[PDB]
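To start, the structure under review is shown below, and the notes come after it.
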Amino acid sequence: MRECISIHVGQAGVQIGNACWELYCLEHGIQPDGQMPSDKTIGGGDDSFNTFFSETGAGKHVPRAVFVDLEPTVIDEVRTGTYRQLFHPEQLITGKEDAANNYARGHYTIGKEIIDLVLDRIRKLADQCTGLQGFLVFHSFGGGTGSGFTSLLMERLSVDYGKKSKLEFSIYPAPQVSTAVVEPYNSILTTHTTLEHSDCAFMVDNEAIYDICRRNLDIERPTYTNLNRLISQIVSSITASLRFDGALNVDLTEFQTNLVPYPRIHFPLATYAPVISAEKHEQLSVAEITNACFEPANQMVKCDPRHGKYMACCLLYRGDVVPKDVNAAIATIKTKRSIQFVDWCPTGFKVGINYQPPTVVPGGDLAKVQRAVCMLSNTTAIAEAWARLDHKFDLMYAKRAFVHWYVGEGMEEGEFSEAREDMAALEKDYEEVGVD
Amino acid sequence: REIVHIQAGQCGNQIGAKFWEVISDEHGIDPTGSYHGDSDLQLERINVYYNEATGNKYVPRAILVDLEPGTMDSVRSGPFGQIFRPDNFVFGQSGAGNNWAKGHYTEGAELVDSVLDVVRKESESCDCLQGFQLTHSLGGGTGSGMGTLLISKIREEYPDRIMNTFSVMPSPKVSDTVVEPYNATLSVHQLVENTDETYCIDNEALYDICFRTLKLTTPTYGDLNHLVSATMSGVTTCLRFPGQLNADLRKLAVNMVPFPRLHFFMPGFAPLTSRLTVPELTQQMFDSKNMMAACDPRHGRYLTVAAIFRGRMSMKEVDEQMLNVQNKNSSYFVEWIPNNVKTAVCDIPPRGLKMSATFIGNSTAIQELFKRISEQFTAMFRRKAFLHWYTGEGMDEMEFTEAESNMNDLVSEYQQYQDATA
Amino acid sequence: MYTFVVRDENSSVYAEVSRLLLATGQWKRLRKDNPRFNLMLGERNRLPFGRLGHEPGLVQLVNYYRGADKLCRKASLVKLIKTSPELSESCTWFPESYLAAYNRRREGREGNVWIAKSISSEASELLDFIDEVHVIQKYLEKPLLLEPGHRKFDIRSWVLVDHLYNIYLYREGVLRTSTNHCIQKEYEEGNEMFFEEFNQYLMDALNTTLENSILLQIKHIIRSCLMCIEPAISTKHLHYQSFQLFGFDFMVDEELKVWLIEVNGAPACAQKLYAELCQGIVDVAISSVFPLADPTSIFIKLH
Amino acid sequence: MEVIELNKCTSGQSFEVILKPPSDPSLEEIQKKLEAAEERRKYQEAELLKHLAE
Ligand SMILES: Nc1nc2c(ncn2[C@@H]2O[C@H](COP(=O)(O)OP(=O)(O)OP(=O)(O)O)[C@@H](O)[C@H]2O)c(=O)[nH]1
Ligand SMILES: Nc1ncnc2c1ncn2[C@@H]1O[C@H](COP(=O)(O)OP(=O)(O)CP(=O)(O)O)[C@@H](O)[C@H]1O
Ligand SMILES: Nc1nc2c(ncn2[C@@H]2O[C@H](COP(=O)(O)OP(=O)(O)O)[C@@H](O)[C@H]2O)c(=O)[nH]1
Ligand SMILES: [Ca+2]
Ligand SMILES: [Ca+2]
Ligand SMILES: [Ca+2]
Ligand SMILES: [Cl-]
Ligand SMILES: [Mg+2]
Ligand SMILES: [Mg+2]
Ligand SMILES: [Mg+2]
Ligand SMILES: [Mg+2]
């Protein structure tokens, strides 16, 4: 049993982190006080769930997590919330004053002040591990902490744990719920600095999540709480293989092996179904939920895979599913849909089934379903999201709008252009592997 | 976290005094400093503007400054007068004779360290000081001259904090003395360099609103101030209550200020009508006839915009209405700052209203207000008219020339970005 | 009110469409690069589909289908037909396109002219012409000729595909006669014969009609080509919506069999029809998505 | 449609189905970066104070 350490950075990372651990607890029968009746080896053991939870002699199950934010508002909520007994105070780290939606401020100015404390706390979790796999890092692209501090951390994590895997869950900025005009700057900057240090990053576009919440949960104006409960489902599906007995994506290094042929092209598209309003149902079948994995309207990022090429594709089912029904679903889909792989990869699907249905938060917005699926597919279509972002960047940067705020914090203007050029090369890379 | 508020001169203490009356009410703090509200939202971020004393008393983190005791005697007598920390009244006797030089160089120089002593004491009790907000006029002597002296000195002692002002601009329509253009031009020069955000409150505009809209035959400073304190409530709502957008002074600045010198904001309030749907608020707040700076936004372009809706209403309907005005008048928003209009909602409305909207615009149209003050300044300065009041305090003509030049430069800067295309 | 941008100042057709939208007083033309538009009349190449449908509160519509080039590129079309089971290796109405065929055909005297572009009977003669990517397709050789004149021609049809993937055939087509009007311009016609007259000729000279001998086949071909790429280009559940105007080019042989030559993704129009077609475009393709305030269709819906 | 590597546990199963065959900085350098940015902030702060002293 090899441990996984989760790290939540910035408001978005922290709040998503909150929802995930709530779900994990519900999924494993861990109560908020930390006790886990179904768990028989008190104070230890090497079960699958132990990859995410350590245990104390008292039988408390303790997330292998760290929460970090440059201001205490969001984390204070964890400290006082439903699951406050889960966390050791040393796992929650707060500064006094935030990054003000300024990458340079989060990375250079304030990051420098707090990085060693964060690394110390992580080391304390690492030392408690018999065989650490690596890290899962949750953050926004747009926030000054989520962007700037996260990239500094990722660099330092490469130094202190060079042989370890690092996976990201990244919130890509959407004006619909955006709190800042400069989020494109922070996004390109953090992507440029983090690229060489991340092995696999799952982008979640708030625009996509927003629309799924309106359209399928009949929510008129989704809040972060709505958004995060959905996002947590998707994350739970992705991390299930690490926390339960299984044979697919069973350690972090396998996420890369199955999904990332080219290191720089390490952003898999996630697609999830079914999302069903709890305020109403006819249970979708294997064929249907699987077919829904190819509908843009169900993706974590709105783009058109029909006009791109696949490099790899995993299907992750939870609930009442047998291989038979999956293969039949695939066959039918292959002949009615546009699915072109890069001609230097096999046209196939790695498939994982977990008999336990998705769990839902009591009195949440999601309905219980008997079967669900999350498709991870490395497609070049996701570069659409890079192109949109890079475009917004170019509009502001051509007039240097807001640039003084970043120079003001000690960053050189030249870092803007290095970062943009690296993204230009990243768009080029996608172009080649995907265009005829 | 904590903000430190300063009010300087007659105007500054008069709007300052109304501002505390208004927000003290919204937060359920009576004139004795005691809380008596029916909600936690009131007390959740109350520390941004109030210190806490024993007996669960709340005391404004406010410093009152004047070179003349008149207005501060009036404030200590006014309704909420007893709420202010008596140690925070700092005043001279001489006055400033509506003369920038006296406020900035002579009479004011003598009093400034006493103020900084109180400023310091207030900053040392702060868990994490955000920065400062100053209220004042630019047309007089104390608020204008001493106020900008305070600002420079504050910046020297706290160079990494945010400096925010509410600056009342002079207008002939509502004028006390002929030298207001001089005092204002001298002051703008300081503001361009030493503040991060300045809400430009145009007395011309406040008058036109009291007269043409509110249909008031004889607008008084009392009327003018009701508008100002309502606006001040609105623009600080994001700092005082729970919210995601522009929740503190620095995040507001990063969202609203694309270029360091272009930080002069055109505020707006709705409803305003003589003797109420979400569409109604939205149309009015963007209406030139609602702007508290006397400028036509249709004569320029918005670089950035913040809108704060208050009260219980449909978030869905809010979002819709905003996206309409924006997508329907998309010619007036610069194309090279994507998504430059940000919106916030707060469930608590101001006193006496079901809902209200506050508008905060960074428009290039603002250059009109500076061009106006520059024209008035130049009419006199060509003939060195009334200069002796200033040269008599030690100032040289060259210093007037630089101020003029720098303000003219600011105007040219706004025009540059009004002509910029993607 | 509705907003649109114009990113192809050369498009003859949509230049007229913009003229009508404006003349509706309910459409504002925004600047080329203003992203807050309802309707994009996009550039003929490198249209940035990736940036459509991501503007909150705006329903966005564009006048090109992404992927439709698979039909409108000589070489792409051939691949599509050859390798697409519902068109099939052996398809009735498309001329063989790309040696084994050159042999068979020059095995007997019967043959053997082929045309090539991006005409000759000897293979090497134009096979060297190329090198000195192209397609080679049988040159019908047995064209249907008009009298008087004993002359060849081709038929152009205009097809509008809306956001719902309804397929609309403009009731008016034209014959370009002797074939391009650009080459020719370099008979009471102007080298353009329309349907009224050509139907008459068909009745006069051949005792048949346009609908029966030719139009049926045209409808079939159009419906077949477009149904084939529907799953690849449909915008049914996409974050933005497409419509597009196509020009199909046909050749008719002496046995009155219709042959597909190509499809154009950016067609012009008969000068006299610009009015009627363009108005139809705004009616079925635009006003259907963005309705105005407060017939006799010019289109044949193909189903 | 070859189905390979079918593994079965009590909590589900996994397998692969195929349709068609296949047709960085040191601690040192980081510290310098942060320190250089810090010096640049200090220089700008020193210029401001110098200006204020004038
Ligand atoms: N999905 C989701 N997005 C969030 C959440 N919180 C913030 N965001 C998004 O993240 C971006 C803002 O960044 P934050 O994470 O709040 O900023 P930060 O990391 O705390 O950095 P600071 O600027 O110092 O506060 C915007 O695009 C928000 O819409 C959340 O809980 N869920
Ligand atoms: N296989 C073939 N058999 C007989 N005639 C042919 C032919 N291919 C092309 N032509 C003739 O050449 C003319 C134009 O050819 P073609 O359509 O392939 O190129 P083109 O793309 O230059 C102009 P457009 O795109 O507007 O149709 C046609 O009008 C037709 O008369
Ligand atoms: N809106 C408003 N303007 C004022 C008020 N008092 C003075 N003014 C304006 O302020 C300027 C005079 O400055 P004042 O504050 O009286 O002088 P100071 O005490 O020397 O700072 C003129 O432009 C007046 O029109 C007030 O209560 N409200
Ligand atoms: Ca155990
Ligand atoms: Ca590495
Ligand atoms: Ca004296
Ligand atoms: Cl290691
Ligand atoms: Mg935040
Ligand atoms: Mg006065
Ligand atoms: Mg032709
Ligand atoms: Mg062509």
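We use all heavy atoms of the structure for the numbers below, so side chains are in, but hydrogens, waters and symmetry mates are not. Both ligands and their constituent atoms are indexed starting at 1 by order of listing. Below, chain A is the first sequence line, B the second, and so on; all start at residue 1.
Residue contacts with ligand 2 do not include C:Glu141, since none of its heavy atoms lies under 4.0 Å from the ligand.
For the pair C:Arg151 and C:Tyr187, the distance from NZ or CZ to the six-membered ring centre is under 6.0 Å and the angle to the ring normal is within 45 degrees.
Remark: aromatic rings of A:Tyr406 and A:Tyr185 are close, center separation under 6.0 Å.
In this structure, atom 27 (O) of ligand 2 lies nearest to the protein heavy atom C:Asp249 OD2, 2.5 Å. The closest protein non-hydrogen atom to atom 1 (N) of ligand 2 is C:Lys138 O, 2.9 Å.
Considering both main-chain and side-chain atoms, C:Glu262 comes within under 3.5 Å of ligand 2 through a nitrogen or oxygen pair. For C:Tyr139, no nitrogen or oxygen atom sits less than 3.5 Å from a nitrogen or oxygen atom of ligand 2, counting backbone and side chain alike.
Close approach of ligand 2 to C:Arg156 is summarised as follows: ligand atoms under 4.0 Å from at least one heavy atom of the residue are 26 (O). Against a heavy-atom cut-off of under 4.0 Å, C:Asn264 is close to the following atoms of ligand 2: 24 (P), 25 (O), 26 (O), 27 (O). When each atom of ligand 2 is checked for a heavy atom of C:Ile115 under 4.0 Å away, the hits are 1 (N), 2 (C), 7 (C), 8 (N), 9 (C).
Residues A:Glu113 and A:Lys96 are not paired through a salt bridge, judged by the lack of any N-O separation under 4.0 Å between the basic side chain and the carboxylate.
Considering each of C:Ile261, C:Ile183, C:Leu140, C:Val113, the one bringing a non-hydrogen atom nearest atom 3 (N) of ligand 2 is C:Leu140.
For the 3.5 Å distance criterion, the side chains of C:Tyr274 and C:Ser12 qualify, holding a donor opposite an acceptor.
Within B:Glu110, OE1 is the N, O or S atom that lies nearest to the Ca ion (ligand 6).
The 4.0 Å heavy-atom shell around ligand 1 contains residues A:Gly10, A:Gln11, A:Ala12, A:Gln15, A:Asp69, A:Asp98, A:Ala99, A:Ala100, A:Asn101, A:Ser140, A:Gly143, A:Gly144, A:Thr145, A:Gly146, A:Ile171, A:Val177, A:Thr179, A:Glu183, A:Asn206, A:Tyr224, A:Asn228, A:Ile231, B:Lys251, ordered by chain and number.
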